[PDB]
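Chains here go by letter, A, B, C, D, E, F and G, matching the order in which they are written, and residues are numbered from 1 within each.
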Amino acid sequence: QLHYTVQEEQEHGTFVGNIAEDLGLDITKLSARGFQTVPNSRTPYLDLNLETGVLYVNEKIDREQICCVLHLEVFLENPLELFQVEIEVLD
Amino acid sequence: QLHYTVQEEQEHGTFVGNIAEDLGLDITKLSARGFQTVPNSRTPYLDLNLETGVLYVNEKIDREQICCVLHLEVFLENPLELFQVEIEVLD
Amino acid sequence: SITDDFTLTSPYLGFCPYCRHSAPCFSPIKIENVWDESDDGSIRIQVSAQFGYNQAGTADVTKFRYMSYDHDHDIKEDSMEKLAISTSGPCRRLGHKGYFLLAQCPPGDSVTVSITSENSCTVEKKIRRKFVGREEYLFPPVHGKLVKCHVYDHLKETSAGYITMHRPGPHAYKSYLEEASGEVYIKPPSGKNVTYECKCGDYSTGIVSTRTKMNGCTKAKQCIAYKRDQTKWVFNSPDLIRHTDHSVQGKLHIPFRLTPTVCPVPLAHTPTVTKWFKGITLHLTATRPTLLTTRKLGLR
Amino acid sequence: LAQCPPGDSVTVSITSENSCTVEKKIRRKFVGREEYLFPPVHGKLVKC
Amino acid sequence: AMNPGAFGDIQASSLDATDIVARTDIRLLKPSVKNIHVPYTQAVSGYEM
Amino acid sequence: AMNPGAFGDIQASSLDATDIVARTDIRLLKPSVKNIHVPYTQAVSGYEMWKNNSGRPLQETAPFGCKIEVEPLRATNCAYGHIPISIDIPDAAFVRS
Amino acid sequence: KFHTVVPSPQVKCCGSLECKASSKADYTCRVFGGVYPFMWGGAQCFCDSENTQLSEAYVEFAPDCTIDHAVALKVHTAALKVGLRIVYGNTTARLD
């Protein structure tokens, strides 16, 4: 339900988005909330920093190989919440 | 389970293999066991001799048209047993 | 002692009962086991071929290895985009790793894997659509309760277990014999040390690098020959002969762990209650099957 | 002569369709005293 | 005299009549996922029943 | 004590224990076809046969209406009897007549 | 769920072999005479009709047994731990 975008040939570790800040969830209880990406919706190009709750680039994004967007899902416990993020890749 | 090989554009009647020699079946009792090609696995390009137990070429092998290997099954009676031959065609 | 280096491991030919030609055959891809324990319908498949690795053995995504049944019986490599998994319709390839696949599949009574352009192989496996909760659904709805369930992980570096690996035994090629004029010989391919242990008149064991006359074997049916330099590990499938030494040389990971997660389940229509003396009449509406459980709040 | 999955109709078509379809209830057929989806490796090898 | 899940749960004097009256058992629910949909659950159509 | 096709057919002290014990009715058979496979037959797992007819759990079939939770195993909010309370009220709450 | 893993056959060519009783779970092992195996590449034993195959089978926990497992417990007598609220003298006191 979140929409993020990346440019083409981005390097490792570049900024994509802030999931917790966009969803209004406080950062300091993310460890108690059990913040984690859903084991189903995983992509080999994008990961997330769990302490800061920041979604970034892991692997260099090959525009030809992946294609058309990337889907990711995150989930938290107590309360049980599920959220969805869609990332566009430019050309 | 019998892996045999043939060359490209082999002529009619050329050697493909000896089924009875490799399977250990006695040659002088092949006719009593009803040595016959299984009707389900029939290849129009290859035949076999009932008397000699030798698999040979019927029709000239067209590498482009058949492709990728050929499969032929044989069966014998009293006792009842089938066997499988896989034939590779070289280029 | 889990190893993730696949350069020490080769794929193997597997004997499986339903090939594309409706008969058992030796295939480069052979389904050893299929597990369906996730709550989203994802199935994990163990295949005799490796996935995501090149012919040398390095980590190379979108290219996979297979031991071929052609004349040059060695490891070959091929593209991963020409491989299909299906049960009744095609299956969505969720993930792949050496010896292992993970896919969403529709319901069916069989699971098959094929290398298109075919070498299909099929096993019996009854997979069905699965619940997560107490209400039946095709797909989870937008309105739900988001209960805890367990699904297979799509990340390949997790570990649901381990498989033991062993050194490969003799393979005894038929193309290493030269029965002609009543005397047999050996075909060494390009001067390799293909050994022989065979019983012309007594147990004779030797290693030849050149073409060699045999002392007493008349026919070729009583003598065999096989390669010796085979230091590439193999899974302990029941489709290969074990070596004299069959210890656990290494252990490979079993990927796609059964990770807990949240997943939504529907909420049915709230029933209306009519109150009559010592009892209630509940009026129930449910498009799909839905469980109703009642219990008295006392001794019985 | 064609091998087909179970179904309730038979259709023959000329692609690129002029298809034709008839009613024919075909089902998966047996040989013995055991239902099997496909024949197994280990068996009895009966006459059919 | 409408009741849900039975014949005549929606009524009018004509197909084009503006005065349509109905009492199907419909309820609106609080949305769980943080989107803009309207989660509703209604009794089944008594016409089809 | 194990029975084939029944619950507890395969047992161990822990999940990762080496001393696995089982009595599944497994039999090896002669290879009919001239290949190198191992033909075997075996009774169905008693785990799946128990999940087929496990019935309803204690969270639905329990007297006095109290809910069962695990880690640790407990039955919370049960209502059946009476508790004798001997309570010593502090004298700071007692006031002069 | 058990895995019922089946190891590779132990084939030797006209020599009578037997298998030692391993301590592994549900260990079932048998010997078959008169075998003459074929895997890819033709006959695996030179010797004609006296070869011996060894079939081995044993069970093991499935890889997904970490989640899909049932634990058997023996339950003895239970004890209560009740939480009380005491509102003596309009002074709230919560205890367990």
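Things worth noting here:
In this text, a residue touches a chain if its C-beta (ideal position, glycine included) is under 8 Å from a C-beta of that chain, and two chains touch if they have at least 3 such contacts.
Common neighbours of chain E and chain G, listed by label, are C. Ranked by distance of CA centroids from chain B, the top chain is E. Chain geometry summary: the mean Cα position of chain B and that of chain F are 58 Å apart. Taking each chain's centre as the mean of its C-alpha atoms, chain B lies 71 Å from chain E. Chain centres here are Cα averages; for chain C and chain G they lie 19 Å apart.
Work out the mean CA point of chain A and of chain D, and you get 49 Å between them.
The set of chain G residues touching two or more other chains comprises 6, 9, 11, 36-44, 48, 66.
Shown for chain B are the residues in touch with two or more other chains, namely 1, 3, 22, 24. Residue positions of chain C touching 2 or more other chains: 15, 22, 24, 26, 69, 146, 174-175, 221, 238-241, 264. Screening every pair of chains for touch gives A-C, A-E, B-C, B-D, B-F, B-G, C-D, C-E, C-F, C-G, D-F, F-G.
Residues 1-3, 22, 24 of chain B touch chain G in their complex.
Residues of chain C touching chain G in their complex: 13, 15, 26, 33, 35, 37, 69, 73, 150, 160-161, 166, 169-175, 197-199, 221-224, 226, 236-242, 246, 254, 258, 260. Listed in rising order, the residues of chain D touching chain C in the complex are 3, 37-41. Touching chain E in their complex are the following residues of chain C: 142-146, 264, 267-270, 272, 283, 285, 287. Across the interface of their complex, chain G is touched by residues 7-10, 12, 15, 20-24, 26-28, 30-31, 34-36, 38-40, 42, 45, 47-48, 50, 73, 75, 83, 85, 87, 89, 93 of chain F.
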